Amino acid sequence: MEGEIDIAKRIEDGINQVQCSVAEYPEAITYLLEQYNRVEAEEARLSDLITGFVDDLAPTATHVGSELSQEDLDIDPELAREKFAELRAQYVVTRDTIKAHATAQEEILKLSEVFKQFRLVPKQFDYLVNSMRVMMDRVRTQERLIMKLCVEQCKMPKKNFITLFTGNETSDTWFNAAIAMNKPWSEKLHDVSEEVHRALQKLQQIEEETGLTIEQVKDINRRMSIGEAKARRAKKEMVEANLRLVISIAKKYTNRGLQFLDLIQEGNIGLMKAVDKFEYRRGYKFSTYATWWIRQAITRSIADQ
C-alpha cells in the first residue's frame, strides 16, 4: 500500500469543497425540492436523485476533476420523506428571514448544512456544478462586454474602469459618475450608455435569479474552482502513477485483436473510471481496484472489434 491514500484523501477534499459550494447556491436547494416534487408525483426515481443521507463519508460528486468525457460519464421511502421535509421546512423559514445579518447568516449556514446531508447522485451534482458555471459565464459575458465598451470603444483607460465597476457592479450609480467626472472620456460614454445599462440590468437579473449578489456568485464559484482544480490535479496524479499498471495488463492482451496504443487507450479509460469510483475508507488496495476496471475496459473493447 501507498501514498495513493494521500492523493486519494486530496481528491476527496477537493470534491467536498465543490459540494460545499453547491450547498451555498440557492438554486441548488430549490432544484432539489423540485426534483423531489417529481419523485412523489412519479415522474422521477429517487435512486437517480440521491444515494442516502449523512448524519467522514466519501464524496458522491465523483465526476469532479474527471478527465473522461461527459459522454463516457453517462433510501427508505419514509426517511427520505422526512429529510426532504426537513429541507422544505428550513427553506421556507430562510425564505422569510431574507425579507426580515448575523442571525440570518446563521440560518443560511444551516439550510446549507441540511442540504449537505443529501448524498446527491453524481449526475445530479453534475447538473448543479454545470448550472453554476454557466451562470458564472453570464456574469462574465456582461462584465467583459462592459469593460470593452468603456475601456476600448469609449477609451476610458483600464485603471479608472477598475476603480468604478469594481464596487457594486449593478446599479447605474457607478456609470453616471463616469459621465459626471467630465474628463475627456466622459461625454463619450453617452455613446455607450444604453448598452452599458442593459448589461447592468442583465447583471441584476443574474442576482435576482440566483438570489445572491454578483460578488457572492463569484465567491462561491471561485471556491468551487479551487476544489475542482484540487480534485482534477490529484486524479491526474493517480492516473499518471498507474500507467505502469495499464501497460502491464495491456501486455496480456497483446495479439488478441487490438493493437497496443489502443490497448492502453482502453486500459487508461478503465483507470480514469477507477480513479473516480475508488474509496480508500473501504480499505482496499487501489492497484487491485484499478485492475478490474482497466482489464474490463480492455476485454470489453476486444469484444467489440
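Sequential numbering from 1, following the sequence displayed.
Can you count, per the entry, how many deposited residues between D74 and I75 come without coordinates? Answer none, 1 to 3, 4 to 9, or 10 or more.
In the deposited sequence, 10 or more residues between these two have no coordinates.
Name the higher of the two by mean Cα B-factor in the PDB entry, 195 to 203 versus 228 to 236.
Between 195 to 203 and 228 to 236, it is 195 to 203.
Tell me which stretch has the larger mean Cα B-factor in this entry, 152 to 160 or 112 to 120.
According to the PDB entry, the answer is 152 to 160.
Checking the record values for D55, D276, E266, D48, which has the greatest CA B factor?
The C-alpha B-factor peaks, among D55, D276, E266, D48, at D55.
Highest CA temperature factor in the entry: which of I220, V93, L212, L128?
Going by the entry's C-alpha B-factors, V93 comes out highest.
Chain-wide C-alpha B factor ranking for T170, given as lowest, middle or highest third
It falls in the top third of the chain.
Taking the values exactly as deposited, rank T30 by C-alpha B-factor within its chain and report the matching third: lowest, middle or highest.
Its C-alpha B-factor, which the entry lists for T30, ranks in the middle third among residues of this chain.
Considering only modelled residues of the same chain, in which third does the CA B-factor of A41 rank: lowest, middle or highest?
As the PDB entry reports it, the C-alpha B-factor of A41 lands in the highest third of its chain.
How does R88 rank on Cα B-factor within its chain, lowest, middle or highest third?
According to the entry, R88 has a C-alpha B-factor in the chain's middle third.
Check where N176 lands among this chain's C-alpha B-factors and tell me if it's the lowest, middle or highest third.
Middle third by C-alpha B-factor.
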